[PDB]
Asks: 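First, the structure itself, so that you have it in front of you.
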Amino acid sequence: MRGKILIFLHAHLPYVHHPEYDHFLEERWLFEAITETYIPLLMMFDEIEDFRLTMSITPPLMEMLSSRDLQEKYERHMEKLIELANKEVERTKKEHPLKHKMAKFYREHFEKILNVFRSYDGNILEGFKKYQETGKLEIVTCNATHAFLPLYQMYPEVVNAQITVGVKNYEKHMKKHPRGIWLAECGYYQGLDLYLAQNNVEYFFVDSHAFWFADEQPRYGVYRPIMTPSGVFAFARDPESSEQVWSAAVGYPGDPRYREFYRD
Amino acid sequence: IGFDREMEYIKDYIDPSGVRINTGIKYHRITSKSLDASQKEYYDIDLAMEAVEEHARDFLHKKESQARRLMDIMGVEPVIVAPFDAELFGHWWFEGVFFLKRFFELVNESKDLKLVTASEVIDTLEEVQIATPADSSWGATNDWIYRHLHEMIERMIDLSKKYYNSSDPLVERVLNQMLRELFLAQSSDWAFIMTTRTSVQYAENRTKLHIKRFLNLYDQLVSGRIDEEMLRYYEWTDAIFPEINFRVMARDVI
């Protein structure tokens, strides 16, 4: 027998849409996320022979990626950036050879990225959708606005509408009902599984404390899913695979050979 | 009463934010020179009227005295020019228009004095000297704003000449809103204002807001990507001179 490794990536950005401006500071978050994370994942799914991965693409983020005014702004941002890349390959020529070499890496890479974006007529959701169809990728939904549902538990109408709106929003973009859901901050309160069942959701993710602090602890701890009485499967976080392994202060990314974020 | 009346009483006449503001209904008189505003007595509008009656005759007697002295020194009728900020009458000073009315009626009765408008005087005067006025005003970093103003004016002039003969009504709408944005950024109000509870805050925020709107349109125009929904947004919020024509900026000078 083999151990099962379930890697989960949470892909979320708040809905930030400022069509009243031509460049807005907080619309750059989206552009960096597309450039640094979402397209390189796509590139990686294409290049690797085989993978299995589960991820959320929250409804705010689907709604932004599909917005064809943001796609136009991103395309223009990417060109501005490839133009800078070129200015940089010349200006670096007589500076350090590492620095010169990087500038050329940056030119080729940014070109590649904008080209993938074009492959998909600028809707990269189409790319994620295509990997779901293979079964190598599994994409779960999130509540509509990534509200923290335990804050609103006394307002079941807003809670369940948060869920349904997310579910329907996913259906709209993905052309498929979602099977799983990621709750914002894994915020789970007792009874919430019922609404998930009403919404035809098959599985969610909880924090480790959801099992540890249950009336009777699950027999296999966090290393097997449980099923709620309502038939909804819950997957608990392996706390040995926590946030710290990716810490810059104490984990792999803090290695001195890795690219420094805060020099630009 | 927006500062005095109890919160539950007064809630939906102040700010929707819940913050206390002025309502326009006010019950105290100035009372004295005290710094202790809590010691203020209730407003009596009859005593207030007695004050305007006194003040209006004070001012009358001062203008008659000044007139007579001037006639005697000049040999022609003085025209005494006295400009005030309008809001000083009725707004800063509640009884101001009452004062204005009593002063007019008094001047009307006066044998030393006549009310005139400025166009009456230019239509009536036969001796007037010819002179050239000196640079002046009735007068009372932060230069990111200035170099932006400099570039906006310079660019606005270029484009108005460049598209002087255009018949494209989209380019025209764009150029027309650019000029509005530019003018709106020029308001002296946002610079060394007569802002009551204004504070150099909503003001430099105003200026930069219009600068930014202008640069957005400039960018769309200069690159083929006029964004019609944004332009309509700007036309709506900054709707000032509907009849403007950007071509004013292409005229000769000097």
Side-chain angles (χ1 to χ4, degrees), chain A residues 13-32 34-35 60-88 110-111 113-115 117-124 151-152 155 158 172 264, chain B residues 144-145 147-149 151-152 154-156 158-159 163 170-185 190 202 204-240 246:
Chain A
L13 290 166
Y15 184 76
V16 162
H17 183 237
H18 292 289
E20 49 284 77
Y21 310 101
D22 217 32
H23 341 107
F24 203 79
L25 178 63
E26 12 284 309
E27 301 192 321
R28 293 186 93 272
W29 305 154
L30 215 223
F31 303 150
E32 293 161 346
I34 302 182
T35 298
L61 178 57
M62 292 210 176
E63 282 297 283
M64 299 187 289
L65 289 178
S66 72
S67 157
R68 61 157 20 84
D69 312 70
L70 262 5
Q71 312 174 167
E72 281 168 8
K73 284 146 203 39
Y74 177 79
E75 230 157 282
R76 138 168 31 113
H77 161 95
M78 281 311 284
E79 273 151 9
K80 213 141 174 274
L81 183 59
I82 294 163
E83 190 203 75
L84 208 206
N86 268 135
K87 257 201 176 94
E88 272 289 320
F110 298 158
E111 271 178 23
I113 280 154
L114 216 199
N115 224 86
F117 187 82
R118 291 192 199 288
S119 315
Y120 288 111
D121 200 41
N123 198 172
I124 64 171
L151 188 56
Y152 300 106
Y155 308 93
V158 79
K172 174 188 90 176
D264 194 284
Chain B
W144 176 95
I145 283 176
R147 55 141 200 208
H148 274 93
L149 254 10
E151 285 300 326
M152 301 154 62
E154 288 210 338
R155 266 116 80 129
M156 185 71 217
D158 288 9
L159 305 177
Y163 294 87
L170 222 215
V171 161
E172 207 208 10
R173 282 174 62 214
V174 166
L175 281 174
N176 283 179
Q177 197 67 37
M178 286 165 78
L179 187 58
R180 299 193 183 94
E181 286 316 319
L182 167 60
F183 269 3
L184 252 9
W190 323 139
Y202 172 82
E204 271 187 56
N205 284 15
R206 274 307 267 194
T207 296
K208 303 184 174 184
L209 176 61
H210 297 115
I211 286 165
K212 180 101 165 76
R213 293 189 175 151
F214 174 105
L215 300 165
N216 287 344
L217 303 151
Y218 174 77
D219 285 348
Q220 302 176 183
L221 190 63
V222 161
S223 70
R225 43 171 201 86
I226 293 170
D227 180 336
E228 288 194 51
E229 288 206 276
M230 189 197 285
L231 172 66
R232 287 208 298 281
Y233 163 58
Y234 294 177
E235 286 168 330
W236 171 62
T237 188
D238 292 344
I240 187 154
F246 72 94

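First the proteins, then the strands, lettered A, B, ... as listed; each starts at 1.
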Asks: Check the pair B:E151, B:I211 against side chain to side chain contact (heavy atoms under 4.5 Å, CB included), reporting the backbone distance first and the verdict last.
Replies: CA-CA 10 Å; B:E151 285 300 326; B:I211 286 165; over 6 Å; no
Asks: Can you pull out the donor-acceptor contacts between chain B and chain A, under 3.5 Å, including backbone atoms?
Replies:
unit_1: B:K212; atom_1: NZ; unit_2: A:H23; atom_2: O; d: 2.9
unit_1: B:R225; atom_1: NH1; unit_2: A:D22; atom_2: OD1; d: 3.1
unit_1: B:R225; atom_1: NH1; unit_2: A:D22; atom_2: OD2; d: 3.1
unit_1: B:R225; atom_1: NH2; unit_2: A:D22; atom_2: OD2; d: 2.8
unit_1: B:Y234; atom_1: OH; unit_2: A:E20; atom_2: O; d: 2.7

Asks: What pair of heavy atoms forms the shortest contact from B:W190 to B:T207, and how long is it?
Replies: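 It is CB-OG1, 3.1 Å.
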Asks: Which heavy atom of B:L159 sits nearest to which heavy atom of B:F246, and what is that distance?
Replies: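 Looking at all heavy atoms of both residues, the closest pair is O-CE1, 4.3 Å.
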Asks: Should A:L65 and A:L30 be marked as a side chain to side chain contact (heavy atoms under 4.5 Å, CB included) after you check the CA-CA gap, both sets of side-chain angles, and the distance that decides it?
Replies: CA-CA 9 Å; A:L65 289 178; A:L30 215 223; 4.2 Å; yes
Asks: A:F31 and A:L70: which non-hydrogen atoms are nearest, and at how many Å?
Replies: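 Scanning both residues, the minimum pair turns out to be CE2-O, 3.9 Å.
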Asks: So which heavy atom on A:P60 is nearest to which on A:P14, and how close?
Replies: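 So the minimum-distance heavy-atom pair works out to CB-C, 4.3 Å.
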